Amino acid sequence: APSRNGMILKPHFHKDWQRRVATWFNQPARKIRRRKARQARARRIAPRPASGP
Amino acid sequence: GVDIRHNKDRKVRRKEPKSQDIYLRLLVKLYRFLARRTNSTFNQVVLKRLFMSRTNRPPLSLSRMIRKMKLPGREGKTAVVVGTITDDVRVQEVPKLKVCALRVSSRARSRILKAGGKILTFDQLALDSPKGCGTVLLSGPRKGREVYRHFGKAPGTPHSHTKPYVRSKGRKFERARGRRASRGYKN
Amino acid sequence: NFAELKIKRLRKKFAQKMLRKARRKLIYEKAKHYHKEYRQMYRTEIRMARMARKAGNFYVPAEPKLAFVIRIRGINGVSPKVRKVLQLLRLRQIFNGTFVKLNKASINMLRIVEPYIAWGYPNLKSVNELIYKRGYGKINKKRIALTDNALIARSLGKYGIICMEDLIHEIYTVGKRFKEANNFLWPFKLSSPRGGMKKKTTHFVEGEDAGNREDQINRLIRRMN
Amino acid sequence: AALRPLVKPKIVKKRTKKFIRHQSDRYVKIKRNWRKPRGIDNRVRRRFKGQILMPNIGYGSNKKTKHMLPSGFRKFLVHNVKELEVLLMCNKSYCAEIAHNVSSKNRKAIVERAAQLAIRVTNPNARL
Amino acid sequence: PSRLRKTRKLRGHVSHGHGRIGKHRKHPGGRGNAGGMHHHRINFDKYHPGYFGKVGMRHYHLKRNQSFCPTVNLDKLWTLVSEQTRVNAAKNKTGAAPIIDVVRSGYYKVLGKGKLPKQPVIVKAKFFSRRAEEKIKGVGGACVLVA
Amino acid sequence: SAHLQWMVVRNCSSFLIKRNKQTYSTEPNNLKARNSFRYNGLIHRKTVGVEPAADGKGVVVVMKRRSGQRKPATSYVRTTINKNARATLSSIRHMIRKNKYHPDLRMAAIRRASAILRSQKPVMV
RNA sequence: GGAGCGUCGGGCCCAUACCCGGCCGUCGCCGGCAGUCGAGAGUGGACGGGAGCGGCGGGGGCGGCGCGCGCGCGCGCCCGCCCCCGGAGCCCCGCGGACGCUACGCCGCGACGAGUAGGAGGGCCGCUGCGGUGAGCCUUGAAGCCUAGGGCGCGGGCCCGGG
RNA sequence: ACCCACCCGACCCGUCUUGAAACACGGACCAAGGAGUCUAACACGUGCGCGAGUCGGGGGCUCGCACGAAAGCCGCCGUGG
RNA sequence: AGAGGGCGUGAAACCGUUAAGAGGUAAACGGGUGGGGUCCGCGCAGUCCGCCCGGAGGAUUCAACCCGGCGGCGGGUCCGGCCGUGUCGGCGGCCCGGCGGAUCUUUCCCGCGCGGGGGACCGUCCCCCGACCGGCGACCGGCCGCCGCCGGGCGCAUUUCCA
Ligand SMILES: [Mg+2]
Ligand SMILES: [Mg+2]
Ligand SMILES: [Mg+2]
Ligand SMILES: [Mg+2]
Ligand SMILES: [Mg+2]
Ligand SMILES: [Mg+2]
Ligand SMILES: [Mg+2]
Ligand SMILES: [Mg+2]
Ligand SMILES: [Mg+2]
Ligand SMILES: [Mg+2]
Ligand SMILES: [Mg+2]
Ligand SMILES: [Mg+2]
Ligand SMILES: [Mg+2]
Ligand SMILES: [Mg+2]
Ligand SMILES: [Mg+2]
Ligand SMILES: [Mg+2]
Ligand SMILES: [Mg+2]
Ligand SMILES: [Mg+2]
Ligand SMILES: [Mg+2]
Ligand SMILES: [Mg+2]
Ligand SMILES: [Mg+2]
Ligand SMILES: [Mg+2]
Ligand SMILES: [Mg+2]
Ligand SMILES: [Mg+2]
């Protein structure tokens, strides 16, 4: 029951969202994995530019 | 039994600043002493406006400071603001100033020190004029916040100009029944 | 330099002492003049009555301009208009007393709050007990005892009332400073009447203690003070 | 002779009995520690005649004699010898209190150091 | 900090700050924004006017790329260009008249709010306001279109 | 300066001691051991401290030098007074009086000095 | 010959009610204190000339704008000094200025103190874990538990003594 | 503070209620567990930084991660809100 | 084993025994006391001392005052030098300084109308002596006043400890 001058809100939490929460605790380890893969690619192509063509 | 209405026996004014910042507390101590010793009301107003909150001391703009200090009679005068001095980029020329404030932004400070003015703090203002002689005490726009556009008389009501709390403005979120004479009624 | 400052300090102390003795002599002579005026009034009322009785006449005395009002019923179960008039007359507790000057508005206010008060016309010795024994003034909104004439001389120095005798003379012979004197006087916190009340709930005519005690208020003042 | 305080006031106490909790006489699970009654119909809450009394602010002891021992001192809990020089300028009004967890080996050192510094200990003859 | 929340000061209080007569039930007036035309009608009239009804046309595939038109006023016009450009002004016996490229700064339409200082300009913008053009030609500048 | 670091130190110092309603302060050169702005020797430009001697006989008096801040090794100077105790009280009194060296600590340092004097003697029978 | 009824007179009994006094807390004081003479408050002092027991020739007003605990006081000899408080020695020290000052502290007056549903504030009340801190405590005895012991706090609870 | 004796007071706590000691309901006693939490959207008030600007989201560069999946930085310091 | 094979500590409800008290208005509670117990703090008088002063018993040294050395505080014409800020002078560093610019020059160079490096211009940060205002708690070396410490001269009406 809305009362005494708030916003007329529409929250999208009517589905089963707690089963589908995507927590992002992976992402600093994912930055480490992307860094290691990028350094491995740069060591693979040794005279070539590391970014690409 | 005595019939005192005890609803308003406790005055709800500020006695001390709610913040825990030690430079502001030292300025508060110095203006406490100046308020309960000096006979001037300037130190009391400075202490009362050092008591207030951040949304209660509004930022004062540089062009309004130029406007209020180019009034006649206040030559050789200083401008004491108990909030912050913010720069306006839409003013071109700036004269010599003597500005006392809690905090001046970097662009306004560079503009005043390039124009040749002086920027004092409150301890330097107390060392210069302890009774507050040669001062004009200014304050920024109090009703200038967006929060006051939603206050006062309620919307959905005739002769009211209150901004309603809308999550996103547009065509189909409002301006229908309650705002159109075609859809039932307008106000 | 130092001897000059010493002689200057002794001169200032002598100036304060001489001015204090002059104000003391002022208070003494004004109290003597008030004694003379009181004896004059008490003589001339009997003179008027005797010269009225000498012929076939009658001296109707004046309705006295000053009354003393005591709230005799407490705060529980009070009408709104009656409570408003009692808090305008500064009767907030049971057994409070105030000096009230008499006019049409005052008589009508007292007659519409008759059943909760006992009011009468007091006497000079009644004013003397109520001001010397119960002397409480309102200085900086504080109920401060009147242990010195300097308090009245600081509070009402711009009204001509600078001592206890000036205050008693204004209250008894109501003049142009009765409003300031009555606003200075805190409403008197009197004790319970020693010897018991006759009846609180009914009027003094029908055997009670409420209403108009226009001459018999002095015995109740002696019992409550 | 013993260690005398600086001034010896007459310690007056408005109430020396304990504010026990309601129905702690009846029930064992109800401790003696005070809990305020908050019921709609409670004798103790609405203060009927001849019952247990509620702890109000009116039972407050005098500020000159608050937290004061019957000897005339105020307690200060002391763990070691270094904490005894804290009360070096307060021995006429404050007294040392050796903690429970302090061993009997250094308790004698604390007692003799307080005897050298003229500081009263309320429990010197405990362990030995 | 649950140390400073309200549920610590309500230990011992029975109804926990939610009333003894009317208890804190689960959903007394419906879930969410329930009852638009009914039993919340006074709230939805005196605090959200225009909430019910259709108005205006419908533009189905709308995109902000076509309607992106950022606006700058003449009161903040010398802010987009560095300060030495207006230091080196009213000099050189020429009428130097610097160029202010507005699309380079990031705006498309130049509006006419505010006072403009007396210095000729060449304002290059995609769109202009009529009042802005009147202020620029009154100072002595020139409005140049660009696409 | 001094009031600034007092506003820092006044509640979150390591030498502060609560526990049973008295707030003391246990740093060196804090005579009377109060957590006050008068009785704090770490902060101020001028500092008087009174301590017992390490040998057991005499009283050492610690004077802050003023000749260098940011240098705690040479910030203080220590002297040792072992005399007939009237000259001890008079010497410390002259130290704090004639040198104009913060006279608020004067009589309290006399108190602490003569209490150390009564400490360094056989107390019982 | 009421301990009944009706009209009454003295004395007497007490409630958390009223008066006075003691204590606690709340609120108010343009509250006082970073250090001074000052209580109806209506000044101090260099600096040039004449020089003086004379001094401002103002309301039976009953009084403040003014007088006799000195203003030329005293000493050396008509003239000069009329001196500093490392100390005039004083109810006030304009010479630095606490025992009283965790200024988020201390202190001084005045009024008030009921309470459900509810709201706010302070907890040096209590539990658990963490970052700092106590040259912290401890097998010369930690936590826990019992106690007909000593206590403190209005209270939540806490500190010791014994096993 | 343990027990007993006397005088006066004194009906059993919580709840629904206009009204509870109730012939209204729950309740033998004791120990442990036990009930206003977390995310998002807002609104208002407060604390802080900057100020017609503000924020770095996301990503990238440095340390091999004890402390770390911390911290620091960015012609990305503004794509974007 | 006062840890004895479901055994670390072993609470409450409940039960048994011992000791004490009591008992016909069910038990229990609040206020005020009284009595009896278990323990605590004294005490063969606890009158507790902390200063100053007088007297009769004692006593080692030193203070009062000078000499030599060391350390500290305060400061003058600011004594001389560093240091330090506000202005003026050499626009001197500007190339024997980097950065940034939406101010010009492609009078230039390189990689091919563009990008970078040059050249002036502006803004931001520095070098040398001299003056004034605050010498500013950012430092010294001399000089003066004062204080403290060490070693001697200081023989006893001074000086300090026990009773
Ligand atoms: Mg890529
Ligand atoms: Mg109330
Ligand atoms: Mg209220
Ligand atoms: Mg009634
Ligand atoms: Mg009820
Ligand atoms: Mg409640
Ligand atoms: Mg409920
Ligand atoms: Mg609620
Ligand atoms: Mg409800
Ligand atoms: Mg119901
Ligand atoms: Mg109800
Ligand atoms: Mg019913
Ligand atoms: Mg009930
Ligand atoms: Mg029934
Ligand atoms: Mg039911
Ligand atoms: Mg049942
Ligand atoms: Mg539990
Ligand atoms: Mg809301
Ligand atoms: Mg906010
Ligand atoms: Mg958006
Ligand atoms: Mg075992
Ligand atoms: Mg085990
Ligand atoms: Mg084990
Ligand atoms: Mg076992």
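In terms of determination method and resolution, the entry is listed under cryo-EM at 3.1 Å.

(A) Examining the protein's contact with RNA strand I more closely. Taken together, 37 residues lie around RNA strand I, and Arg15 and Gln51 of chain D together with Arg66, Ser67 and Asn99 of chain F are the ones closest in. When atoms of RNA strand I within 4 Å of the protein are sorted by moiety, sugar and phosphate together comprise 77%. A distance of 2.9 Å is found between a phosphate oxygen of RNA strand I and a side-chain nitrogen or oxygen belonging to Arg86 of chain F. A distance of 2.6 Å is found between a sugar or linking oxygen of RNA strand I and a backbone nitrogen or oxygen belonging to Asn99 of chain F. Sorting the residues of the surface near RNA strand I by element identifies helix 3 (83-87), strand 2 (99-101) and helix 4 (102-105) of chain E together with strand 5 (76-81) and helix 2 (86-98) of chain F as the ones contributing at least two each.

(B) Main features of the interface of chain B and chain F. Facing the 4 residues of chain B at the interface are 4 residues of chain F. It is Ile22, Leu26 and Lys29 of chain B in chain B that bury the most area against chain F; as a group they hold 80% of the surface buried on that side. On the surface where chain B and chain F come into contact, there are 0 salt bridges. Applying the counting criterion to the chain B and chain F interface returns 0 residue pairs in polar contact.

(C) The arrangement of the pairing of strand 2 (residues 94-98) of chain D in detail. Residues and elements named next belong to chain D. Most of strand 2 sits inside the fold, with 5 of its 5 residues counted as buried. Of the two faces of strand 2, the one holding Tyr94, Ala96 and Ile98 and the one holding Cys95 and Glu97 are both buried throughout. Examined bridge by bridge, strand 1 (residues 74-78) and strand 2 share 5 bridges and lie parallel to one another. Bridging from a neighbouring strand, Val78 pairs with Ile98 of strand 2.

(D) The arrangement of the protein's contact with RNA strand H in detail. Around RNA strand H, the surrounding shell holds 57 residues, and the nearest of these are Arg35 of chain A, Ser53 and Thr55 of chain B, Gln51 of chain D together with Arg20 of chain E. In the environment of RNA strand H, a phosphate oxygen lies 2.9 Å from a nitrogen or oxygen atom belonging to the backbone of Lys29 of chain D. At 2.9 Å from a phosphate oxygen of RNA strand H is found a main-chain nitrogen or oxygen belonging to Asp41 of chain D. Contributions of two or more residues to the surface near RNA strand H are made by helix 1 (27-44) of chain A together with strand 3 (84-86) and helix 4 (106-115) of chain B. A per-element tally of the surface near RNA strand H places helix 1 of chain A first, with 6 residues. The residue inventory of the surface near RNA strand H, partitioned by class, reads 14 nonpolar, 19 polar and 24 charged.

(E) The arrangement of the nonpolar core in detail. Ranked by size, the top nonpolar core spans 40 residues in total, and within it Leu87 of chain D together with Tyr24, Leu31 and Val48 of chain F carry the most contacts. Counting residues per element, the ones that place at least two in this core are strand 1, strand 2 and helix 1 (104-116) of chain D together with strand 3 (48-52), strand 4 (59-64), helix 2 and helix 3 (106-119) of chain F. Examining the composition of this core, we find that 6 residues originate from one element, helix 3 of chain F, more than from any other. Discounting residues that sit within four places of it in the chain, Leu87 of chain D has contacts with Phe76, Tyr94, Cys95, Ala96 and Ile119 of chain D together with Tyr24 of chain F. The next biggest cluster of nonpolar side chains, apart from the first, holds 32 residues, and it includes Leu151, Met164, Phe178 and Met224 of chain C.

(F) Quick peek at the side chain of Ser40 of chain B. Residue and element names in this part refer to chain B. Mapped onto the fold, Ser40 is located in the loop between helix 1 (22-37) and helix 2 (42-51). Overall, the relative accessible area of 14% leaves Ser40 in the buried class. Looking at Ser40, its side chain comes within polar contact range of the side chain of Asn43, at 3.1 Å.

(G) A look at the interface of chain E and chain B. Each partner contributes residues to the interface: chain E has 20 residues there, and chain B has 18 residues. Interface area for chain E against chain B, summed over the two sides, is near 1,700 Å², with a carbon-plus-sulfur share of 46%. Counting the surface chain E buries against chain B, the share from its top three residues, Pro49, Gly50 and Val55 of chain E, is 34%. Run the count over chain E and chain B and you get 2 salt bridges. Across the contact surface, chain E and chain B share 8 residue pairs in polar contact. With 3 residues, helix 1 (residues 41-46) of chain E is the largest single contributor of residues to the side of chain E that touches chain B.

(H) Summary view of the arrangement of the chains. Contacts are most numerous, across the 7 pairs of chains in contact, for chains B and E. With respect to C-alpha atoms, chain A approaches chain D no nearer than 30 Å, and the pair has no contact. Contact between chain A and chain F is absent, and the least distance between their C-alpha atoms amounts to 35 Å.

(I) The arrangement of the sheet that holds strand 3 of chain B in detail. Residue and element names in this part refer to chain B. Read from one edge to the other, the open sheet built from 3 strands follows the order 1-3-5, with strand pairing classed as parallel. Edge positions in the sheet fall to strand 1 (60-61) and strand 5 (103-104), since each has one partner strand and no second. Note that strand 3 and strand 5 share 2 bridges and pair parallel. Bridge pairing links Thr84 to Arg103 in strand 5.

(J) A look at the side chain of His44 of chain F. Residues and elements named next belong to chain F. As for its placement among the helices and strands, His44 is situated in the loop between strand 2 (24-25) and strand 3. For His44, the side chain forms a polar contact with the main-chain oxygen of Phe37, separated by 3.0 Å. Reaching out from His44, the side chain makes a polar contact with the backbone oxygen of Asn40 at a distance of 2.6 Å. Contact partners of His44, with chain neighbours within four places excluded, come to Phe37, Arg38 and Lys64.

What counts, and at which threshold
Residues numbered from 1 in each chain as written, not as in the entry; some residues may be left out. Chains lettered and ligands numbered in written order. Part of a larger assembly, values for the part shown. Heavy atoms only, no water. Residues with missing side-chain atoms left out of burial classes, pairs and counts. Near = heavy atom within 4 Å. Polar contact = N/O pair within 3.5 Å; in protein donor to acceptor, adjacent residues only side chain to side chain. Helix = DSSP H or I, 4+ residues; strand = E, 2+ residues; numbered from the N terminus. Contact = heavy atoms within 4.5 Å. Buried area = accessible area lost by both parts, 1.4 Å probe. Salt bridge = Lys/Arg side-chain N within 4 Å of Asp/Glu carboxyl O. Buried < 20%, exposed > 50% of the residue type's maximum accessible area, 1.4 Å probe, protein only. Pairing = 2+ DSSP bridges. Nonpolar A, V, L, I, M, F, W, Y, C, P; charged D, E, K, R; others polar. Core = buried A, V, L, I, M, F, W, Y, C linked by side-chain atoms within 4.5 Å.

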